[PDB]
Structure formats: structure tokens, C-alpha cells
Number of protein chains: 2
Amino acid sequence: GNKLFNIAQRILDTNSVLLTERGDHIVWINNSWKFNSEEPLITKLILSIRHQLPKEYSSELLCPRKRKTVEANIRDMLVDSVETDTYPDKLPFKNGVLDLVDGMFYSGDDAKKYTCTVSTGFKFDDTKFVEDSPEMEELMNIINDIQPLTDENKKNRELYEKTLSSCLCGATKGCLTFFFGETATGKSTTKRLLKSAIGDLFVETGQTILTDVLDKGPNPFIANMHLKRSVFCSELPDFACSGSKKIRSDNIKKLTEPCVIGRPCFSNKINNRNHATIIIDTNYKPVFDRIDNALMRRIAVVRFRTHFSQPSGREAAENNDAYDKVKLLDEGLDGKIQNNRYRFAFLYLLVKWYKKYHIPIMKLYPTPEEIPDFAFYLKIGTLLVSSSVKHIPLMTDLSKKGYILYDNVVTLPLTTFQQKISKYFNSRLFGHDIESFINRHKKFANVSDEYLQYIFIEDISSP
Amino acid sequence: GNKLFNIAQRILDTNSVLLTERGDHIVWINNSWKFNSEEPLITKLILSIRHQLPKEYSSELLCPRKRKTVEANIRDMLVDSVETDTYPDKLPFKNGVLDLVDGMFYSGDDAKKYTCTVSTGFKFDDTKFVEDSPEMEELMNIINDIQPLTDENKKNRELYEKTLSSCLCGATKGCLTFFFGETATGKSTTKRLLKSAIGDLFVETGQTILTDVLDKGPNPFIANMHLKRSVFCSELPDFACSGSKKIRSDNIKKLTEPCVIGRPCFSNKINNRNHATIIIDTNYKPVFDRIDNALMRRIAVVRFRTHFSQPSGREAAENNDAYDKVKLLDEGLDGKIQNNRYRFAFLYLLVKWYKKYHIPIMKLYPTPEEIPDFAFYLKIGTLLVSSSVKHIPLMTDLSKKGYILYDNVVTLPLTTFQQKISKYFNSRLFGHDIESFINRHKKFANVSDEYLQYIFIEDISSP
DNA sequence: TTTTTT
Ligand SMILES: Nc1ncnc2c1ncn2[C@@H]1O[C@H](COP(=O)(O)OP(=O)(O)OP(=O)(O)O)[C@@H](O)[C@H]1O
Ligand SMILES: Nc1ncnc2c1ncn2[C@@H]1O[C@H](COP(=O)(O)OP(=O)(O)OP(=O)(O)O)[C@@H](O)[C@H]1O
Ligand SMILES: [Mg+2]
Ligand SMILES: [Mg+2]
């Protein structure tokens with residue numbers, strides 16, 4: 001047969017070009033998988049791999065028309081599709097893949113077996129990926145300044161390290177984290193360090209993903225989150241001001257699912273794979289429209305309690321309760337960070353933290369006791385018990401306290417209930433929470449019959 | 001005699017390429033029908049079929065331009081169109097078609113007679129399609145944990161295993177299903193299991209198809225469900241909060257018809273075939289704009305009452321009325337599900353359930369008792385009976401009860417209606433319903449004359 | 001208004 005078909009067959013035999021389910025062709029060039037929806041990178045591969053072919057086939061690949069013919073043959077012979085990005089414990093670079101389990105770096109065919117379509121965007125360097133380096137001690141000093149290693153801050157520092165370490169994993173995560181602190185506290189420095197550590201796997205979007213409907217019309221903000229591993233949203237408005245849009249809880253529930261529904265402009269694709277940890281940098285406590293048990297299990301908070309002040313205003317910052325330590329700031333730090341001085345030391349520290357927590361299994365846990373707005377419900381869980389058959393026999397005491405056995409179940413009137421809950425809740429500050437909770441569980445037998453099926457745990461105890 | 005014309009004729013004589021009603025070209029490659037509007041599948045078929053042609057014809061198909069010429073001839077010889085997807089009880093795979101009546105698996109020409117344009121996307125394997133296997137024993141434990149085999153849960157469990165097995169049929173279903181339950185009850189685990197079981201026949205869309213207008217401009221969220229067999233909408237918000245939009249009562253009526261009007265981007269096709277079971281998983285019960293009899297015959301509800309909790313929060317879970325049992329959570333189940341460990345066992349269980357409920361005939365029925373919003377409309381039909389001619393002779397007794405004859409019809413004026421209706425419904429909870437009802441059925445004989453055409457059943461029985 | 005469409 002003709003030599004062009006033989007060249008196409010030999011190229012296909014190396015498995016350097018593949019077709020995905022989304023309809024795009026990926027090519028293995030320069031030790032990386034690359035694709036482009038508007039430029040057919042196939043011809044680049046044809047020109048690049050001309051050296052591996054024998055001598056009599058190299059000369060005919062210098063003409064663009066024969067390259068077009070070979071690309072047409074390859075497109076004809078390529079029929080079926082394959083799946084991509086199935087290994088959550090591999091970190092891809094521009095010249096290889098790093099294994100997070102043991103720490104070796106793989107290049108060439110060894111890295112080809114893990115079909116990763118995303119990368120940091122820069123080459124990995126072994127010389128700078130060391131522990132004993134002049135930059136490392138300085139980075140450790142900076143980090144110990146931001147998060148001191150004290151017995152009081154141990155628990156917060158653990159969440160800090162775990163949340164930062166989770167950015168290397170390519171799996172769905174069921175919790176999003178808030179970075180809370182005052183001004184000049186080090187939150188943006190941490191953001192820029194993470195950006196300079198992970199490169200193109202990092203992205204930041206607007207706040208419209210938390211207050212607006214996601215699936216109405218085109219929405220590039222949701223679409224750009226596909227296959228990313230870290231998403232930052234920062235500088236939320238103060239909700240105390242009038243006209244502020246409160247955070248939608250259903251958006252929070254949707255953002256923790258493995259697939260997110262959204263559509264970019266001029267597109268028909270509506271599914272996006274969610275691999276990104278979500279970090280919200282803020283200065284004020286969040287406010288939600290509706291609070292329920294489903295929302296409280298997807299929220300975590302990390303505190304920042306160190307101030308970096310000019311010498312002129314130091315004496316003022318020492319009189320504030322929002323700070324636990326005041327230190328002079330360095331003016332040249334931001335320029336050093338912008339030049340990627342601490343890229344590989346921070347990456348090495350992130351991998352070292354990855355071994356500590358996520359090797360058995362990757363999991364994030366909520367911290368519902370850090371939000372004041374969640375206080376009302378939490379202690380409600382420790383004060384009331386739903387009515388049951390076991391409470392019927394002891395009615396002798398409950399009728400003494402004012403309970404009524406109505407339809408063979410122990411019951412308490414709303415009017416009888418409200419003062420009883422008023423003795424343990426400050427009616428002035430929790431005025432709205434009490435009327436909120438009473439109305440979603442009222443039970444009315446008749447126009448004049450009112451009752452609620454709950455029993456206090458203190459009354460159930462034997463006196 | 002043109003050689004390429006002869007090749008085109010021999011290719012066409014094998015019935016390997018067909019033209020559909022929508023203007024698409026379907027090609028039989030690798031024991032499956034495939035079609036795509038952007039890729040040249042005809043050239044792929046021409047290249048693939050060259051081994052069946054005699055040796056003096058095979059060498060001519062190695063040149064792409066000759067393949068384009070044969071493609072042009074084939075396009076010229078296709079003048080008549082055919083119907084597709086007419087067998088509802090056949091499950092298509094990537095390498096064959098499975099019969100749901102007897103259980104046989106067909107491949108090759110035997111499967112070609114069923115013109116199926118969709119597939120699960122993965123190959124069938126009879127080795128793992130067995131009943132005795134460790135994965136089946138594991139899977140039955142999860143299934144029993146989510147839906148216990150107890151007497152109180154029997155009817156709900158049967159409905160649960162009917163709705164899931166309904167997803168293997170390619171017909172139109174006349175009801176919508178709501179998966180209602182509190183958080184951490186396994187609602188999403190069954191969704192993941194069904195996705196892994198059915199592959200490409202599964203689709204998840206947004207909430208706009210229940211709230212917005214489906215026929216204004218392009219709408220991929222409604223046009224991506226053509227010929228699908230399972231559609232999921234997830235996490236609708238709570239409607240108690242201000243600003244939340246309610247569910248269009250007329251939208252769910254269009255989702256039941258065999259044809260749905262919708263348009264993709266850059267497309268003129270406006271007709272979509274309805275073959276999908278529509279499931280919405282929820283944490284709050286839905287609220288509709290308008291309630292009528294046509295609405296109440298299209299809604300079904302399945303309950304989830306088992307809670308999976310960490311050991312820290314077990315004590316609270318036992319004190320919640322929304323749960324019936326609490327079991328320890330498994331942290332490694334999601335990774336196993338994502339790895340398609342329980343794919344073929346769940347497929348076998350779905351087929352076994354399908355043989356139990358749908359072999360005679362396939363139909364779904366509503367459960368209007370579950371929704372509390374309907375409780376008023378359901379009750380009125382049992383308390384009021386429409387006036388009839390046969391009630392005229394009995395009005396001698398009805399005179400003492402306050403009934404008045406108007407236009408030779410038994411009538412009851414508005415003023416005496418309210419205290420009669422107050423003997424069953426409380427004013428506070430049902431005020432908006434009876435106000436709307438009275439305004440929508442009030443009739444006036446004059447400026448000061450009022451009457452209603454209903455009589456109470458309790459009033460035709462002598463007290 | 002703007003994606004839509006050209
Ligand atoms: N370890 C450190 N030693 C000295 N200066 C530091 C150190 N870490 C950060 N700084 C400096 O302190 C300042 C803190 O600014 P930064 O943007 O990080 O704070 P922030 O709390 O995130 O601010 P904002 O929320 O108002 O944007 C910067 O000038 C930064 O360069
Ligand atoms: N049979 C089981 N045994 C142990 N753990 C289980 C079992 N079934 C499910 N789980 C676990 O329960 C956890 C919570 O379940 P799941 O997320 O499906 O609940 P849900 O009610 O659908 O939640 P939501 O609607 O809030 O997303 C999961 O991590 C899952 O692994
Ligand atoms: Mg900052
Ligand atoms: Mg769920």
C-alpha cells in the first residue's frame with residue numbers, strides 16, 4: 001500500500017493521539033497531554049514525532065499537504081473514546097507527573113499512563129525541590145508568623161494545614177472553607193503563595209456564584225471551574241448594610257456535588273466536573289437566608305489573629321481585641337512572592353502535609369461552633385426531645401408540669417412552651433430566632449387548640 | 001463501469017448506513033449505531049468495511065479523496081428515510097442489545113434489526129452479570145439499610161423499587177417522582193448507583209425546567225434530554241423564604257406529553273421525544289402556583305427514613321422525629337461507587353425488579369396523600385356534593401337547614417355557608433384556601449342575592 | 001440588554 005497510510009498506522013500504534021467523550025482530540029507532546037478546540041494539534045504531533053520513524057518516512061513529513069493527508073487518515077482510523085482524569089493522587093506538570101503517595105517524579109511513558117488533561121503550567125525541577133534550602137527557613141519563619149505554634153492555636157493550625165494540603169487532590173470535596181480575619185492579617189499572602197505553588201490549577205471567580213441563580217442563561221464563572229483544584233472568592237460585602245444580597249443555601253448545597261450544572265457562552269454543554277476546594281476570604285461573618293441541618297454540615301472556618309503594622313500605628317493595634325500579636329511588616333515580601341521565590345519550598349511543604357492527613361483517605365469536616373448564627377439551633381439539639389411512646393407511661397409527672405396527653409402522645413401547648421424556652425434564651429437578642437423556630441413546628445388541632453410535640457430533657461429527669 | 005460507483009453500491013447493499021426523520025445519518029460500526037453532526041462517520045464506515053470487499057477494491061480505499069468520492073455517491077443514493085427507536089423493551093449497549101423479556105443478549109446482525117440510536121457507553125459482560133457474587137451480597141446490605149424490609153415500610157419499598165426499574169424502558173412515563181427526606185439519608189447514593197448502572201442513558205439538568213418558560217429562545221437544559229431514559233433535578237430551594245419562585249403548574253403537564261418543545265443553540269429542531277423518568281430529590285416539599293385535579297394525578301413521593309451518622313453525633317440523631325433508625329456511616333463507599341464496583345450487580349437487580357412489575361404492562365400511579373398542600377382539595381370532594389335534579393323532592397327536609405330554592409335549583413347563600421364550613425376546617429390555617437375557593441365559585445342571582453351550588457352530605461341524612 | 005446570530 002501507499003506509505004502515507006503506513007505512516008498513519010505507525011503513528012496510531014504508539015497511542016499518542018486519543019479521543020475523549022466530549023469530542024476533542026488530545027495529543028501527547030513534550031511529555032504532556034495537550035488539546036485545543038480550535039487548532040488541530042495533530043499536525044504538530046506529526047511534525048514532532050518524525051524522528052522516531054525510520055529514515056525513508058521522515059522526508060515526506062516536511063510537506064504540509066502530506067501532513068494534512070496523514071491527519072485525515074488518523075481521524076478516519078480513530079473511532080472510539082476513552083476517559084480522562086481518573087487518578088486523584090497524581091499531580092501533573094509540564095514535563096511529567098508527580099506521585100503524591102511516595103514522592104517520585106515520573107517522565108515519559110511512565111507519565112503517559114495517567115491521562116491528565118490539566119497541568120500546573122511550569123516544569124518540575126529536582127534541584128529546588130529540597131528541604132534544606134535557604135528559602136525554606138525564611139518561608140517557615142513567615143508561616144510561623146502567620147500561624148503561631150502555640151497550644152491555643154494548635155487546632156486552628158491543623159485546619160489551616162489540612163485545608164491548604166487538600167488543594168493537591170483531584171476528588172470532590174464536601175465542605176467549603178471561610179478565611180476570617182481583620183485587615184493586614186496575611187490572608188492574601190497565603191492566597192498568592194498557593195497561586196505561585198500550583199500555577200494553572202488555581203482560579204478565582206466572582207461572588208455571583210453565591211448569590212445568583214447558576215443555571216439561568218450563560219454563566220462563564222461556573223464553566224471556568226471545570227477540573228480546577230482550587231477556587232478562591234474574596235472580599236464579601238458587609239451584610240448589615242441595606243440592599244445586600246444574603247448567601248443562598250441551595251447554592252452551597254449545589255457546589256458540593258460531583259457535577260455542577262452550568263453553561264458558558266455559545267455552548268450546549270451543561271455538565272462540569274467539580275474537583276476544586278472552595279475558599280472564601282472575608283472580613284465579616286457570613287449571613288444566610290435559611291439555616292438547616294443540611295447547611296451546617298458543609299461549613300468550616302479558619303481564624304487569622306496576627307497583625308502586620310507600620311511602626312507609626314503600632315500603639316493603636318495593641319489596643320484591639322481582634323489581634324493577638326503585632327509585628328512589623330516587610331515591604332519587599334510581595335515582590336519576592338511575585339517572582340516565585342518560594343514556589344518549590346511551599347510545594348514541598350504541601351506534599352509533606354499531604355502525607356500527614358490524606359494518605360488513608362481524603363476527608364474534610366465541618367466546624368459549626370464557629371458561626372454565631374448557628375448557636376440557636378445547636379443548643380436546641382441539647383434541650384428538646386421529640387415525643388415518643390416511651391414518654392407516655394411517666395405522664396404522671398408531666399401532667400403536673402403542664403403537659404397534655406392528646407391523641408395518646410405527650411404534648412405541650414405553644415403558649416405553655418414559649419415562656420419555658422424564654423427562660424433559657426435572651427428574648428431581646430434572639431427575638432427573631434424564637435418566632436422563627438415556633439412557626440415551622442406549630443400543630444393546631446382546632447381554632448382554639450394549640451400544641452407542640454416536644455419534651456424538655458430537664459423535665460424528663462427524675463427529681 | 002466506474003469502480004468507485006460499484007464500491008458505493010456494494011456498501012449500500014449491506015444496509016450499514018441509514019437516513020433518519022431528523023435529517024441525520026446513522027452508521028453501523030462495532031455492533032452499534034452511531035451518529036454525529038460534526039464528524040465524518042461515513043468515511044469511518046468506508047474505511048472499516050474494506051475487509052469485506054474483494055482484494056481489487058480494498059486497495060482503492062486507502063486514499064482519503066476516494067473515500068470522499070464514495071461518500072458523495074452514498075449521499076446521492078439515499079433518498080428515503082426510516083424510523084428509529086421503536087422498541088421500548090430493549091436495552092442497548094456498546095456491543096449489543098439485551099432483551100428485557102427473556103434475558104437473552106444479542107450481538108451482530110441479530111441486534112441490528114433493532115434500530116437504537118442510544119447506548120449505555122460501555123460493553124456488556126456476562127461474567128459479572130450473575131446473582132452469586134460477593135458484590136451482590138455487599139450491595140443487598142446497602143439496599144436494605146436505605147429501605148428496610150419491615151411491614152410499615154413495605155408499600156414505600158415496593159414503590160421505590162418500581163420507580164428505579166422504570167428507568168430501563170424506552171416509553172413515555174406519566175408521572176414525576178420526588179425523593180423526599182432529611183439530610184444524610186442515602187438519596188444521592190441511589191443516584192450514583194443508577195448513574196453507574198445505566199451510563200449514558202442518565203442525565204441531570206437544572207431547576208429552570210420546573211420554574212422558567214421552556215420555549216423562549218434556545219434552551220439546552222430541555223433539549224439535552226432527547227431520547228434519554230432518566231432525568232434528575234437536584235436540590236430545589238425552600239419556598240418559605242421571600243423571593244423564591246414557585247413551581248409552574250403547567251410546566252409539569254408539558255413534561256408528561258410524549259413530545260416536548262425545545263430548541264438547542266444554532267438549531268431549528270423543536271421536537272424532543274419523551275422517554276425519561278423524571279426524579280427530583282428534595283429536602284423540602286414542593287409548592288405549586290395552582291392546584292387542580294390535572295395536577296394531582298402526576299405526582300408521586302418516596303420517603304427516606306434511615307440516618308447514617310458519625311459516632312460523635314449519634315446521640316442527637318436518636319432524638320429526632322424525622323428518623324426511624326440510625327446506623328454508622330461508611331467513609332469508603334463513595335470511592336467504591338465511583339469505581340463502578342457495583343455496576344453489573346445493580347443492573348442484574350434492576351432487571352430482576354423489571355420482570356416483577358412491568359412485564360404485563362408499564363404504568364405509574366400518583367400518591368396525592370403524601371403532599372399536605374393537596375389535603376384541602378382532597379377533603380372537599382368528600383364533604384360537598386354537587387346539586388342535582390334528584391335533590392329537589394328532598395328539600396322539604398332541607399328547608400329547616402337553611403337551604404333556599406333559586407331558579408328551581410337547590411342553593412345555599414354565602415352568609416350561612418361559613419359557619420357550616422367552619423365545623424371541619426380551622427380559620428387560621430385554611431383562610432387563603434377557603435377565600436380563594438369562595439371567590440372562584442361564588443354566584444350572584446342579583447346585586448344582593450347570593451347562592452352556591454353545593455349541598456353537604458351530612459345534611460341529606462336525617463339527624 | 002444580550003446572547004443570539006452571521
Ligand atoms: N511574615 C511576615 N512578616 C512580615 N510582613 C509580612 C509577613 N506576612 C505578610 N506580611 C506583610 O503584611 C501585609 C499583610 O497584607 P495582606 O494583604 O497579606 O493582609 P490581609 O489580611 O490578607 O489583607 P486584606 O484582607 O485587607 O486584603 C503585607 O504587606 C505582607 O507583605
Ligand atoms: N448502607 C450504608 N452504610 C453506611 N454508610 C452509608 C450507607 N449508604 C450510604 N452511606 C453513606 O452515607 C453518607 C451520606 O449519604 P448521602 O450523601 O447519600 O445522603 P443524602 O440524604 O442523599 O444527602 P444530601 O441530599 O444532603 O446530599 C455517604 O457518605 C455514604 O457513603
Ligand atoms: Mg488580604
Ligand atoms: Mg444526597
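Along each chain, residues carry numbers from 1 upward in sequence order, and these need not match the entry's numbering; residues missing coordinates do not appear. Working convention: letters from A go to chains and numbers from 1 go to ligands, in the order in which they are written. Note: displayed chains form a subset of a larger assembly, with all reported quantities computed for the displayed subset only. Here the side-chain values reflect all heavy atoms present in the structure, with hydrogen atoms and water set aside.

Per the deposition metadata, cryo-EM was the technique used to determine this entry, at a resolution of 2.88 Å.

Named according to the PDB entry, chain A is Primase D5 originating from Monkeypox virus. According to the record, the entry carries the title "The Cryo-EM structure of MPXV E5 in complex with ssDNA in intermediate state 1". According to its UniProt record, chain A has this under Subunit (unreviewed entry): "Homomultimer; hexamer. Interacts with OPG148." Among the UniProt annotations of chain A, the heading Sequence similarities (unreviewed entry) holds the following wording: "Belongs to the orthopoxvirus OPG117 family." UniProt positions are given in the numbering used here, feature names are shortened, and annotations may be inferred rather than shown by experiment.

J.: Got a minute to help me understand the overall build of chain A in this structure?
T.: For the purposes of this entry, the term helix denotes a DSSP run of H or I that reaches at least four residues, the term strand denotes a run of E that reaches at least two, and both are numbered from the N terminus. Scanning chain A from N- to C-terminus turns up 19 helices and 21 strands. Values of the radius of gyration come from C-alpha atoms, whereas the globule rule sets the reference at 2.2 Å times the count of residues to the power 0.38. Relative to a compact globule of 463 residues, whose C-alpha radius of gyration would be 23 Å, chain A shows 30 Å and is clearly more extended. Judged by the C-alpha coordinates and their principal axes, chain A covers about 105 × 60 × 45 Å. Within chain A, contacts between residues at least 6 apart in sequence are counted, and of these 73% link residues at least 24 apart. Should any heavy atoms of two residues lie within 4.5 Å, those residues are counted as being in contact.

J.: Even after reading the chapter, I still don't get the sheet that holds strand 5 (residues 97-99) of chain A, so can you show me in this structure?
T.: Think of a sheet as strands paired side by side through backbone hydrogen bonds, with each pair either parallel or antiparallel. Residue and element names in this part refer to chain A. When DSSP finds two or more bridges between a pair of strands, those strands are recorded as paired. Sheet architecture is open: three strands sit in the order 4-5-6, paired in antiparallel fashion. Either end of the sheet is taken by a strand with one partner, and the two such strands are strand 4 (90-92) and strand 6 (105-106). In this sheet, strand 5 lies alongside strand 4 in antiparallel orientation, the contact comprising three bridges. Note that in strand 5 the partner of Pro-92 across the bridge is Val-97.

J.: What should I look at first to understand the site of ligand 1 in this one?
T.: Residues and elements named next belong to chain A. A single heavy atom is enough: if one lies within 4 Å of a molecule or strand, its residue is considered near that molecule or strand. Ligand 1 sits among 16 residues. The nearest are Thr-185, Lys-187, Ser-188, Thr-189 and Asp-334. Identification of polar contacts relies on pairs of N or O atoms within 3.5 Å, with a donor-acceptor requirement for protein atoms, meaning one able to donate a hydrogen and the other able to accept it, and with residues adjacent in sequence counted only if both atoms are side-chain atoms. The side chain of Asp-145 places a nitrogen or oxygen atom 3.4 Å from a nitrogen atom of ligand 1. Working definition of accessibility: Shrake-Rupley area with a 1.4 Å probe, residue cover restricted to the visible protein chains. Taken by itself ligand 1 offers 640 Å² of open surface, and the protein chains cover 82% of this. Elements that contribute at least two residues to the shell around ligand 1 include exactly helix 6 (134-146), helix 8 (187-198) and helix 13 (333-338).

J.: Which parts of the structure should I look at to understand the pattern of salt bridges?
T.: A side chain of one charge can pair with a side chain of the opposite charge if their charged atoms are brought near each other. Just to be clear on terms, a salt bridge is a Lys or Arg side-chain nitrogen sitting within 4 Å of an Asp or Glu carboxyl oxygen. Inspection of the entire model under this criterion finds 35 salt bridges over all chains. Across the pair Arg-157 of chain A and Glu-161 of chain A runs a salt bridge whose closest N-O atoms are separated by 2.6 Å. Residue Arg-157 of chain A and its partner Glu-161 of chain A are located together in helix 7 (residues 154-165), separated by four residues, close to a single helical turn. Exposure remark for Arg-157 of chain A: the relative accessible area of 6% places this residue in the buried category. The salt bridge involving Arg-192 of chain A is made with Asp-334 of chain A; its shortest N-O contact spans 2.8 Å. A residue pair is termed long-range when its members are at least 10 positions apart, and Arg-192 of chain A in helix 8 and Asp-334 of chain A in helix 13 qualify at 142 residues. By relative accessible area, which is 27% here, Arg-192 of chain A ends up partly exposed. Where salt bridges share partners, they join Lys-3, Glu-60 and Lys-66 of chain B into one cluster. Exposure categories follow from relative accessible area, calculated using a 1.4 Å probe and restricted to protein chains: below 20% of the type maximum is buried, above 50% is exposed, and the middle band is partly exposed.

J.: Could you clarify how one ought to interpret the layout of surface pockets in this entry?
T.: Empty space left among the atoms is revealed by rolling a probe the size of a water molecule over them. Put simply, the grid is 1 Å and covers the protein atoms alone, a cavity is a trapped set of points that fit a 1.4 Å probe, a pocket is an open set with protein on both sides within 12 Å along at least five of seven lines, and lining residues have an atom within 4 Å of a point. Grid points are joined across faces, edges and corners, and a volume is the space filled by probe spheres set on the points. Of the volumes computed, that of the second largest pocket is approximately 780 Å³. Mapped onto the lining of the second largest pocket, the elements with two or more residues apiece are helix 11 (249-254) of chain A together with helix 9 (208-211) of chain B. Its residues assigned to classes, the lining of the second largest pocket shows nine nonpolar, nine polar and 13 charged. Classification used: nonpolar for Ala, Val, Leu, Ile, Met, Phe, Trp, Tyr, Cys and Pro, charged for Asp, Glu, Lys and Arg, polar for all others including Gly.

J.: Where do I start with the packing of helix 6 (residues 134-146) of chain B against helix 15 (residues 343-357) of chain B in this structure?
T.: For any two helices packed against each other, one specifies the inter-axial angle together with the distance between the axes. Residues and elements named next belong to chain B. Between N-to-C directions, angles span 0 to 180 degrees; the directions come from axes that are lines fitted to C-alpha atoms, helices contributing only their stretch in contact. The contact between helix 6 and helix 15 brings their axes to 10 Å, and the two run at 65 degrees. Seen along the crossing, helix 6 lies across helix 15 with a hand that is right-handed. Across from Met-136, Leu-139, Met-140 and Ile-143 in helix 6, the residues of helix 15 making contact are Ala-345, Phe-346, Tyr-348, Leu-349 and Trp-353. By residue class, the composition of the contact of helix 6 with helix 15 is nine nonpolar, no polar and no charged. In this scheme the handedness of a crossing depends on how the near helix is turned from the far one: anticlockwise by less than a right angle means left-handed, clockwise means right-handed.

J.: How do you make sense of the sheet that holds strand 6 (residues 105-106) of chain B when you look at a structure like this?
T.: Spatial ordering of the open sheet is given by 4-5-6 (chain B), a layout of three strands whose pairing is antiparallel. In this open sheet, the two strands that pair with only one neighbour each are strand 4 (90-92) and strand 6 of chain B.

J.: I tried to follow the side chain of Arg-263 of chain A on my own but got confused; where do I start?
T.: With respect to the secondary-structure elements, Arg-263 of chain A resides in the loop between strand 10 (259-261) and strand 11 (271-273). Charged residues are defined here as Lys and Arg on the positive side and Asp and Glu on the negative side; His and the ends of the chain fall outside this count. It is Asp-215 of chain A that comes nearest to the buried, bridge-free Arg-263 of chain A among opposite-charge side chains, at 10 Å. Only 3.2 Å separates the side chain of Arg-263 of chain A from the backbone oxygen of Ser-267 of chain A, close enough to count as a polar contact. Ignoring anything within four residues of it in the chain, the contact list for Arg-263 of chain A reads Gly-217, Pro-218, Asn-219, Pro-220, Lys-269 and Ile-270 of chain A together with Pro-220, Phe-221 and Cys-265 of chain B.

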